[PDB]
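# quick one, structure for this:
(4 chains, ligands or ions: 4)
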There are 4 protein chains.
Amino acid sequence: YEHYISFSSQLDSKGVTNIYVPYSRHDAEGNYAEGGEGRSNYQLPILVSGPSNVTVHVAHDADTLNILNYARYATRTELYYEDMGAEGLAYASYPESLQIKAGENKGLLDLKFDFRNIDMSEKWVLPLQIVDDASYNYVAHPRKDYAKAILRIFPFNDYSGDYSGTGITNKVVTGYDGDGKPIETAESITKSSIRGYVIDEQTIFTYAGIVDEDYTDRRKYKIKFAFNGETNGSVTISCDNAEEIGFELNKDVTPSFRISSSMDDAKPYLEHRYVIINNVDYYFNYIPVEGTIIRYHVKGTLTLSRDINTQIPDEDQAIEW
Amino acid sequence: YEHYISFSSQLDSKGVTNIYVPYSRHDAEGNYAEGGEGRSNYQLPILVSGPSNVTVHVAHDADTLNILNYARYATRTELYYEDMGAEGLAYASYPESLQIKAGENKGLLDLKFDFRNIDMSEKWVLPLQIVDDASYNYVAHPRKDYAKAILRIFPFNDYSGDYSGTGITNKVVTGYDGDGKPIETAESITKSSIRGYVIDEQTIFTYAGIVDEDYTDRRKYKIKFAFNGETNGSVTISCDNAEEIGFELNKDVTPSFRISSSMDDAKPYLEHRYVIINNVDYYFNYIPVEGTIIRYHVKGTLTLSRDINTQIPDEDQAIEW
Amino acid sequence: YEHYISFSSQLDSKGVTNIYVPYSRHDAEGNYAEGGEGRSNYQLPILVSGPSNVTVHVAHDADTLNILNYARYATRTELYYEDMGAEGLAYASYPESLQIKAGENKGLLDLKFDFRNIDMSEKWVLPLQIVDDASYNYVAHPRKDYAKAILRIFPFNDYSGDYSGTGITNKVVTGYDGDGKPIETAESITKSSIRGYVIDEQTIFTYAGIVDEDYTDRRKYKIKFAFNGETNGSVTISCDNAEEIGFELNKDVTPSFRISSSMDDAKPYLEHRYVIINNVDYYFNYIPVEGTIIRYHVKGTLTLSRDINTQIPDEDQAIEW
Amino acid sequence: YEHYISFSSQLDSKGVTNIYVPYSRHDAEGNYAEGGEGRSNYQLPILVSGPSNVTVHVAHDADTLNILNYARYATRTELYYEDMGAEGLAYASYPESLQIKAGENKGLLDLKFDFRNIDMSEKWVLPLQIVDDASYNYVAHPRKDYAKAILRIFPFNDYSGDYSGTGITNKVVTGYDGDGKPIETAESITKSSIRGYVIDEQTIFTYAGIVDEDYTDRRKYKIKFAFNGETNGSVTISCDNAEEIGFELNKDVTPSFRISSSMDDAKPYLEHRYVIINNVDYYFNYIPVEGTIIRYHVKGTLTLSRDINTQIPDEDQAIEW
Ligand SMILES: [Cl-]
Ligand SMILES: [Cl-]
Ligand SMILES: [Cl-]
Ligand SMILES: [Cl-]
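Residues are numbered from 1 along each chain as shown, chains lettered A, B, ... in the order given. Ligands and ions are numbered 1, 2, ... in the order given. Structure as follows:
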């Protein structure tokens, strides 16, 4: 036994679980609970069937992640989920052993996180497994899919998640008129969903225009959004490799944001929180192959909605992701 | 073995079976068969494969219910299915052992019930399992899903079930005019389905307006409906915590009900029985969070349809739930 | 082991395989191949994985049929699939043992049939299983669903199958006018599919009007159709219990049939054969409960389509059922 | 054990994997990498779970192909997938043993191919299995579906694949007018998809008009398309059995092709390559049964689209099949 062999036929069309973890863990008063800015945790449930004490053994499972990466992306390693639990990384820690009380059917594995300076360009995943052994007073679920957890970790701040891209247009700069003003395409490419990734508490990034997570060249196109306020204020839009991708902000108006709430009609305990970013206006060059330059004009409004179920008073736990 | 361990990945997205049991078991002449009002029974089939006598062992399965509750509702314990078979409860009884005749492929487990004063606010469930042992001349089905029964028990009287909410409007009281009459919202929130839960033979309850079973604060919003007749008459609408939720009945008209029948076009042996409740008119305060008061005006008609297949003459068994 | 126990949770929502067998087995010249009228056969494939000779043991499986009947119809025994392979029946025979040649992956189990005087009102099924034993140089497929065959046997003649009911109207006789002529409902109940069951080579039956296979009282409503020709001619419509159900034929026109062909547009090797029955005109009383009489007027055209794939020259085997 | 027995109930409604292999393997400079014209290869991934060296044993699996052929086509052997790995064939070779490095979760089985003079009329398949043994330091995946690979091999050249049939009409020649010109049906039969099979680097074949892969008489209707250029030029349309099927080309205009590109709107790294064949104009006789002749007029444009993901620079590997 020990080794299962199969042809690239793996149920790894499924397998990654999305887990949302606050970038910073704090109390209702806003003081840091896990040691500061970018320090957080996540209580991961472990279910147990059957009247004695059970010690559950949990371990890093780089193997399942490797199978999943090859099954999902083959040769395109630039798109692989990156192993957050790899040797030497200091993003995540967890106990290798968990005790379950005699008559309890659950236990919580406390995952600790240090998201400081994480580059969310890497599709960071924490792969875990329930360890099986003859010594142990238990068995990992026969359905290997249940005894394994491939966790796509998303830190979140007040401004991150999957924004609607409905208010953003993407036009191609065709040339320049007599006045030097850009000639642009009439038609627009609309990205219905734009993922806003955490950098720190007041900063996210998006990929430039139509670029997204499934682009092997992603990392060349990160656009930073810094929120210069808590619930309203200006936004600083920047690009660390501006010169490379010919990044240019429109200097006429400065972008701004506002956070606002609305009650649900059906469930009046459910609150819709919105992050609205106005006057996003920038230009950049997308380079599919060397010598081919497609200059895009990205412009409009970004809107993020977050549903808060107030039947949970933790706020960090109340989110309906 | 003995213990199966898994991450919150459980097929417990499925698992609860809805079982309809008459609140009172009686004969065609209407006399009580199980000891009186609120005393009833349910014959639960047990299937057997393979020419000897089989003794099937059945036991309470609080473990599977616990896994299902945590998998389905996590921390929101106010929404958990409550264990009807727990130590000391006198709602349900059943034999712990059932005999199957030599050449029979079925047996019936006779569940006995005492629904007197049951609070249907608790999502009462009876969790059972086929017990496996080396001593036994059988094996519980390998598909654990088949050897386990999580039964959501619904007592039923002539007036209970899932009513259509199509004829009920829910408007918000915005203020009061010069005459003191309420100013209400024009638009309405329509609950397409309103569950009518049994209290006794002539009484049900619904949750107030838009409140339903998935509200953690349900129990604060029970509206009682008492049928003052057998097949027609008035209805007494009340609320035991009226002062807390600012419950107010409209005193202009008194609500009434009527039971009526119609034959199906396709299957002329199928009878559609209707319970129509007219002139439901009341007000109450929904409190999502302390200090937030949303005063609703609930008004209209409730209609319950029940399909009776007359190719079964038991009437209590003839219902196509 | 030997006995699997489960609660009425069985995949027996599936399980019955429909098998079409010619009522009479004959050659291209129309001479009887299996001993005469109503004598037939069916070659049932048995698949084998893995270089030696395999003897497959097949047996009657009344157990699986019993589980399926209780799981599907519970107490309504009038709707059960009837066991064609039961002790003493002379409808079907088959070898209890089948040899598979050394390098072959298939074998054919020759089922022999005697359909003479079969009452298709009984939903006749032949239940079979691959027998497992330690002595045997094989194992019945782990998926019990694959090692078991619940065969709904349909004999077929030139005029049987599922007719379209689109051209048949079902109206209710409301009363009689001054001239004694019936007053009928304007609206009609349309049965989109009407099953024509074999009686013999030139006779089928349908259930009366809206009655079908899922009526517990089916047997009281059989309408016989006798084809008085090979490819055209009159039809004799009768009812053996005419007096009981107040059966009455309209004497104005005599019903007739015609068989006709058409080539498919897409697959020109595919032939659409049609059986058209015109001027079906009769009356009968449906009795849901004693004292309730619903007099129906059934009238119109019946059309049966049968697709013959001429890339099979057996004709009896060429049908795309 | 060794033999699994089942009734024609096999998940072989699924099972065949389509694999696209270049007819000729060559480098970016267009020089032959595998020995010349029609010589190619395919690197087939093999996935391994669990820290030692694993030797995987792979073997020809004619058994699974046989089960699949009987389950899918029964008696119609003219439609069976043909065994490319059968004794004496020189189309494919592969190692019977593959080594996996200590900490690797994948290995690549190098399939070598010689497609010279392959007749794609045969639905050539290469059936393989992971071999299981007690000696081996591994186990073939319990899901037999994962430990088995039934590979429908498609060689491809610049002009092959599934063409759109939208621009091709199929009309029936009804007779001839006074001038001898054909009288044709107004309505057309449109094949939405037309498969272009490889013959060599500059030649494909299609089946004549409406004939396709699921015709038992396919082989009588092969229409050859020879591309007399690299990216544009004329096309030579011929039929090796022209006299048998009364094949006739319209001599008025000569067919031609052109290869052209377009960038995707959404993914600008994705290139849509098109092969457009204009002025396809020919006649042939389809013979469903002897004595029945249906003369078709096939005319129009063929368009093949191929998506090239330039985030892969191998070009032969960049195709999104
Ligand atoms: Cl850490
Ligand atoms: Cl009790
Ligand atoms: Cl017989
Ligand atoms: Cl070779």
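# please enumerate the strands of the stretch 201-321 of chain A.
A:203-207, A:222-228, A:232-238, A:248-249, A:256-263, A:270-286, A:294-309 (DSSP state E, counting those that start in this stretch).
# so what does the shortest one touch, helix or strand wise?
Here strand A:248-249 touches strand A:270-286, going by 3 or more Cβ pairs under 8 Å, 6 or more residues apart in numbering or on different chains; DSSP states H and E. C-beta coordinates here come from the backbone N, C-alpha and C atoms, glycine included.
# now do the first one
Packed against strand A:203-207, as judged by 3+ Cβ pairs under 8 Å, 6+ apart, are the following elements: strand A:193-200, strand A:222-228.
# one more pass at 10 Å, please.
Using 3 or more Cβ pairs under 10 Å, 6 or more residues apart in numbering or on different chains; DSSP states H and E as the contact criterion, the secondary-structure elements in contact with strand A:203-207 are strand A:161-164, strand A:193-200, strand A:222-228, strand A:232-238, strand A:270-286, strand A:294-309.
# what residues of it count as buried?
Of the residues in strand A:203-207, those buried by neighbour count under the rule 16 or more other Cβ atoms under 10 Å in any protein chain shown are A:203-207.
# got it, and the fifth one?
Within strand A:256-263, the residues that count as buried by 16+ other Cβ under 10 Å are A:256-257, A:259.
# and which of the buried residues of strand A:203-207 is nearest residue D:27?
residue A:207 (33.7 Å; Cβ to Cβ).
# rewinding a little: most tightly surrounded among the strands of the stretch 201-321 of chain A?
Neighbour counts averaged per stretch over the strands of the stretch 201-321 of chain A are highest for strand A:203-207, at a mean of 23; criterion: mean count of other Cβ atoms under 10 Å in any protein chain shown.
# may I have the strands that pair with that one, each with its orientation?
Sheet pairing here is set by DSSP bridges, and for strand A:203-207 it gives strand A:193-200 (antiparallel), strand A:222-228 (antiparallel).
# quick check: angle from the first one to strand A:294-309?
Inter-element angle recorded for strand A:193-200 and strand A:294-309: 80 degrees (by axes from the mean of the first three to the mean of the last three Cα atoms, to 10 degrees).
# how far off centre is strand A:193-200?
Centroid separation for strand A:193-200 versus its chain: 7 Å, with Cα atoms, centre = their mean, to the nearest Å.
# now that strand - C-alpha only, PDB.
Coordinates of the C-alpha atoms in strand A:193-200 are reproduced here as PDB (Å, rounded to 0.1, in the frame of the first residue of the first chain):
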ATOM      1  CA  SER A 193     -15.900  40.400 -10.600                       C
ATOM      2  CA  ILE A 194     -12.600  42.100  -9.500                       C
ATOM      3  CA  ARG A 195     -10.800  40.600  -6.500                       C
ATOM      4  CA  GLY A 196      -9.400  43.100  -4.000                       C
ATOM      5  CA  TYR A 197      -6.500  41.400  -2.100                       C
ATOM      6  CA  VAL A 198      -5.200  42.500   1.300                       C
ATOM      7  CA  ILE A 199      -1.800  44.200   1.600                       C
ATOM      8  CA  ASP A 200      -2.300  45.600   5.100                       C
END
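# show me which residues of it are buried.
Here strand A:193-200 shows A:194-200 as buried, counting by 16+ other Cβ under 10 Å.
# quick one, that strand and strand A:270-286 angle?
With the same axes, to 10 degrees applied, the angle from strand A:193-200 to strand A:270-286 works out at 90 degrees.
# same list (the buried residues of strand A:256-263) but as JSON lines, adding distance to residue A:14.
Conversion of these to JSON lines gives the following (distance: Cβ to Cβ, whole Å):
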{"residue": "A:256", "distance to residue A:14": "40"}
{"residue": "A:257", "distance to residue A:14": "36"}
{"residue": "A:259", "distance to residue A:14": "35"}
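# sorry, back to before: which of the strands paired with strand A:203-207 sits closest to residue B:80?
strand A:193-200 (33.5 Å).
# tell me how many other residues crowd the closest residue in space to residue A:85 that isn't next to it in sequence.
Of all residues beyond its chain neighbours, the one nearest residue A:85 is residue A:60 (4.5 Å), with distances taken as Cβ to Cβ, 6 or more residues apart in numbering or on different chains. Other residues near residue A:60 number 18, with proximity taken as other Cβ atoms under 10 Å in any protein chain shown.
# close enough to count as contact, residue A:60 and residue A:87?
Yes. Taking Cβ atoms under 10 Å as the contact criterion, residue A:60 and residue A:87 are neighbours in contact, 8.8 Å apart.
# re earlier: would a markdown table of the strands of the stretch 201-321 of chain A with distance to ligand 2 be doable?
What follows is those, written out as a markdown table (distance: least, Cβ to the ion, whole Å):
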| stretch | distance to ligand 2 |
| --- | --- |
| strand A:203-207 | 59 |
| strand A:222-228 | 61 |
| strand A:232-238 | 62 |
| strand A:248-249 | 75 |
| strand A:256-263 | 44 |
| strand A:270-286 | 40 |
| strand A:294-309 | 37 |
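# wait, which of those is closest to residue B:103?
Taking Cβ to Cβ as the measure, these were each checked against residue B:103, and strand A:294-309 came out nearest at 54.9 Å.
# do the closest one and chain B meet?
Yes. Using Cβ under 10 Å from any Cβ of the partner chain, a contact is recorded between strand A:294-309 and chain B, made by residue A:309.
# helices or strands up against the strand or helix carrying residue A:55?
Assigning secondary structure by DSSP states H and E places residue A:55 in strand A:54-60. Applying 3+ Cβ pairs under 10 Å, 6+ apart, we find strand A:54-60 packed against strand A:39-48, strand A:97-100, strand A:106-114, strand A:123-130, strand B:4-7.
# roughly how far apart are the closest residue to ligand 1 within the stretch 101-250 of chain A and chain B?
When Cβ to the ion is the measure, the stretch 101-250 of chain A has its nearest residue to ligand 1 at residue A:114, with 4.2 Å between them. When Cβ to the nearest Cβ, to the nearest Å is applied, the distance between residue A:114 and chain B equals 22 Å.
# burial of that residue, as a residue count?
Applying other Cβ under 10 Å, we find 17 other residues in the vicinity of residue A:114.
# identify the bridge partners of it.
Judged by DSSP bridges, the bridge partners of residue A:114 are residue A:39.
# that one against residue A:39, yeah?
Yes. Between residue A:114 and residue A:39 there is a contact under Cβ under 10 Å: 5.9 Å.
# now the residue of chain A found nearest ligand 2. Nearest residue, chain neighbours left out?
Minimum separation of chain A from ligand 2 (Cβ to the ion) falls at residue A:103, amounting to 25.0 Å. Excluding the flanking residues, the one nearest residue A:103 by Cβ to Cβ, 6+ apart is residue A:51, at 6.4 Å.
# next one: residue A:193
residue A:162 (5.1 Å).
# report how many residues lie close to that neighbour.
The local packing count at residue A:162 equals 15, with neighbours defined by other Cβ under 10 Å.
# residue contacts, it?
Residue A:162 makes contacts with A:154, A:192-196, A:304-306, A:321, as judged by Cβ atoms under 10 Å, 6 or more residues apart in numbering or on different chains.
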